[PDB]
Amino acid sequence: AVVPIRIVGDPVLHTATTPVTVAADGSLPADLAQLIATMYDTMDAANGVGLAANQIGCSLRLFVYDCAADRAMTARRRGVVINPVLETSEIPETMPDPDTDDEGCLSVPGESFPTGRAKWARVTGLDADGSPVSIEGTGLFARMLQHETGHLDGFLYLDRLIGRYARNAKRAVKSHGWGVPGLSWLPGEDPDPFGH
């Protein structure tokens, strides 16, 4: 199903998710497939390259993605990672570049700000079949991996902003009246907030 995406201020976005159950014998929850299907449907309707479970109000440690550019050729374009563990290269503390570092989030709809990210990242975890999966890349793909793991850890990309970028974002969030609970938008019902 296509379901609402929670907006900054919703507690489910701002606390760490609970890992997905994996039994001793390797088995995943039998009803996980339905949640995954909803995550794909919602990501797609929202014109996303990624979606974390807590963005749809589910505090479980998994994300889906569909993101082609800069991925290692060993990585599927579209997939899911259950219980992801994130590795990165050096996360830069220099001021992000407005012409290359812009980043947004469906839980902060209609906004984007230059955001510092590691150039390379890898996520390992399980796929929907419970088999180990490892995906990696640079540029956009690495940014996506960091962004989704961020959600699952209880963070938004807003939490990474610095200086003039953080200033610009703080005012924007305030002016929307965001940062309080209970706010959401519904892809396919509400207009696409990114002009997509």
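We number the residues from 1 along the sequence you see.
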Revision key, fill the gap. Higher avg CA temperature factor (48 to 56 vs 161 to 169, as deposited) belongs to 161 to 169
Check your understanding: Which has higher Cα B-factors on average according to the PDB entry: 26 to 34 or 149 to 157?
Key -> 26 to 34
Practice item. Compare the CA B factors listed in the entry for 82, 85, 106, 95 and report the winner. Key: 95
Review point. Against its chain's modelled residues, does residue 136's Cα B factor rank lowest, middle or highest third?
Key: lowest
Check your understanding: Which third of the chain does residue 21 land in by C-alpha B-factor: lowest, middle or highest?
Key -> middle
Study note, to complete from the structure: Here the Cα B-factor of residue 91, set against its chain, lands in the third termed highest
**Study point:** Among modelled residues of the same chain, the CA temperature factor third for residue 41
**Key:** middle
Check your understanding: With respect to C-alpha B-factor, does residue 115 fall in the lowest, middle or highest third of the chain as deposited?
Key -> middle
